[PDB]
Amino acid sequence: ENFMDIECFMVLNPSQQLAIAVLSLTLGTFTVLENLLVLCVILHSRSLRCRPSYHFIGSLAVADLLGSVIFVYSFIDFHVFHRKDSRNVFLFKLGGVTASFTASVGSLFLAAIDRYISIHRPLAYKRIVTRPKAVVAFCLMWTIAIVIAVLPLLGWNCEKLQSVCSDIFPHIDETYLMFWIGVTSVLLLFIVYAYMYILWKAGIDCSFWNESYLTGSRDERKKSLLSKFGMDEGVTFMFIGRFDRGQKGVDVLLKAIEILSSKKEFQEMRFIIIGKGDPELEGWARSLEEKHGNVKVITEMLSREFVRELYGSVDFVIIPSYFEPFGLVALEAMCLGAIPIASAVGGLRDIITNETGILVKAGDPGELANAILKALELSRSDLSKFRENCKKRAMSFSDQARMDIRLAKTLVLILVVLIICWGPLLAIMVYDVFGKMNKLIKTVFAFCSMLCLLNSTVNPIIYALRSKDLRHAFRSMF
Ligand SMILES: C[C@H](NC(=O)C(C)(C)Oc1ccc(C(F)(F)F)cn1)[C@@H](Cc1ccc(Cl)cc1)c1cccc(C#N)c1
């Protein structure tokens, strides 16, 4: 019942032991060293240590140290001095490794929130994820992890319970594992949805959402567009988005157009409503079209390059959202000098300032209907400054997001590697508890074990490869 006995898992040559013993210490010590080094680096760096976005690195590196140091201690403690492990020492050793894995998952979860918020709320992030808060998140996350890991030492082992002990690990209760694997498994799933959501929905293409693809005068482009829809020249508001309830507020906008409809000012305005969803709001929106010929609806799926021609041409872009994950429409629109009239939600709060657009109360056709009116009076002066102000700000945001989406991808990589190393092993462990174990499989377990250590090796290296800032902070020493 000794920890890290490869021998209950397979019989070895003296050669293979020799080989393994050498790959083990040399790798183990190596992996201990580089993860120390990672720590000694971020802790000497003012920049790194107490920046929230890089807090997971410090957390992974104690996570990788915890397991690697326990690998190498346990190995020495067994194979060199031949001390043998009591229940509680064994359990403390295993508690060390689970704790490390939990904390790894803990760190990617807390990082994944850090990334969402950094892109969801680019300004407000800096006051939402603050240094003291960041630390308290990590401490809690670590104490939970440590707490879950010590449970077997307080009696949730199979010994103090007398319940079926696992085939795989001595001194431990099988369904305690299931708890521990399940917590971590589901939490992995949410971390993956999370990162995926961020990566499919976040940011824009600054190579494509760019004024420079358009030739001419805005006026000329506007007039040409407007005649393509057989309307005369007139202030042109665009909506593009899902037709739906309580999400992208085309229902709010269709209310606002009926408010204005009677006004004299309305005949001065032009509405281009683009999108699809509810058959009802389409029915409604189509009726407003056949009612007024200064309204124009498009459910026909539209060319992205045309949507850029639109952003390039219309005066205002109307974003009546109840919810806006990453404010893409706004950012694209403004990049091309469309001034945004938008609900004051998510990042729209951070993005639109008083010198770049108009904000309203979500859900309110009256606050919108007036916005539009203020926007039609605003358009009696010149809007060049506004569209210019819009362009840069959006650029700034677009870039910041490109940075923060990069740090996100690093963490996806770190995740993918982490699922890869540990994925097989937990599958096997679940497989072990449930069902029946083999004696081949028992070996590919022991083999897969080492990928736990391997993961701890490669994490420091991709920090190194993937973040200049880590790299530069390390050169600050020598
Ligand atoms: C490599 C360890 N595997 C084993 O102890 C078993 C499963 C007996 O197989 C082996 C396989 C190889 C070795 C050897 F000789 F290379 F060190 C020792 N044991 C594994 C055991 C393990 C325990 C708990 C979890 Cl959740 C995962 C793996 C472990 C031990 C200590 C630190 C880390 C890390 N990072 C990983």
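Asker: How should the site of the ligand be read in this particular structure?
Answerer: By nearness alone, 19 residues border the ligand, and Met 4, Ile 20, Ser 24, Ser 449 and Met 450 come closest of all. The contact in question runs from a nitrogen atom of the ligand to an N or O atom on the side chain of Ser 449, over 3.2 Å. Between the ligand and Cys 452 there is a distance of 3.4 Å, counted from a nitrogen atom to a backbone nitrogen or oxygen. Per-class residue counts for the shell around the ligand are 15 nonpolar, three polar and one charged.

Asker: Mind showing me how you'd approach the pairing of strand β1 (residues 235-240) here?
Answerer: Here β1 lies mainly inside the structure; five of its six residues are buried. Of the strand pairs in this sheet, β1 and strand β2 (residues 269-274) are connected by six bridges, and their pairing is parallel. Bridge pairing in β2 places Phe 239 opposite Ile 273. Handedness of the crossover joining β1 and β2 through helix α10 (residues 250-261): right-handed. In this structure, β1 lies alongside strand β4 (residues 316-319), joined through two bridges in parallel fashion. In the sheet register, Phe 237 faces β4, and the bridge partner there is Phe 316.

Asker: Where do I start with the state of the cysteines in this structure?
Answerer: Where two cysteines share a covalent bond between their sulfur atoms, that bond is called a disulfide. This model, assessed by the stated rule, comprises one disulfide. Disulfide pairing places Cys 158 opposite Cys 165 at an S-S distance of 2.0 Å. Measuring handedness by torsion sign, the sulfur bridge of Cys 158 and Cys 165 sits at about 90° and is right-handed. Under the relative-accessibility criterion, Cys 165 is labelled partly exposed at 35%. Free of any disulfide, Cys 50 has its nearest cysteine sulfur in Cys 139, 14 Å distant.

Asker: Please clarify how the pairing of strand β5 (residues 339-343) should be interpreted in this entry.
Answerer: Note on strand geometry: in a regular strand, side chains alternate between the two faces of the sheet. Counting buried positions along β5 yields five of five residues, so the element is predominantly enclosed. The sheet contact formed by β4 and β5 spans four bridges and is parallel. Note on β5: the bridge partner recorded for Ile 318 is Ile 341. Two strands pair when backbone bridges link them, and β5 and strand β6 (residues 358-360) are joined in this way by three bridges, in the parallel orientation.

Asker: How should I be thinking about unusual backbone geometry in this particular structure?
Answerer: With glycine set apart, most residues show a phi of negative sign, and most peptide bonds adopt trans. Positive phi, normally seen in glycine, also occurs at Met 4, with a value near 55°. Note on placement: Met 4 falls in the segment before α1 (14-44). Phi at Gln 162 takes a positive value of approximately 35°, unusual for a residue other than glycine. When you line up the elements, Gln 162 lands in the loop between α7 (158-161) and α8 (174-201).

Asker: Help me understand the pattern of salt bridges in this model?
Answerer: If the charged atoms of two oppositely charged side chains come close together, the side chains can form a pair. Under the definition given, this model contains 17 salt bridges. Across the pair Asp 85 and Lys 93 runs a salt bridge, and its minimum N-O distance is 3.1 Å. The same class applies to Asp 85 as to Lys 93, namely buried. A salt bridge links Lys 222 to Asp 315; the shortest N-O distance between them is 3.5 Å. Taken as a pair, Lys 222 in helix α9 (residues 218-228) and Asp 315 in the loop between α12 (304-311) and β4 lie far apart in primary sequence, 93 residues in all. Salt bridges sharing common partners tie together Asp 77, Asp 85 and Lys 93.

Parameters and conventions
Residues numbered from 1 in each chain as written, not as in the entry; some residues may be left out. Heavy atoms only, no water. Residues with missing side-chain atoms left out of burial classes, pairs and counts. Near = heavy atom within 4 Å. Polar contact = N/O pair within 3.5 Å; in protein donor to acceptor, adjacent residues only side chain to side chain. Nonpolar A, V, L, I, M, F, W, Y, C, P; charged D, E, K, R; others polar. Buried < 20%, exposed > 50% of the residue type's maximum accessible area, 1.4 Å probe, protein only. Helix = DSSP H or I, 4+ residues; strand = E, 2+ residues; numbered from the N terminus. Pairing = 2+ DSSP bridges. Right-handed = clockwise from strand over helix to strand, strands pointing away. Disulfide = S-S within 2.5 Å. Salt bridge = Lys/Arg side-chain N within 4 Å of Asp/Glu carboxyl O.

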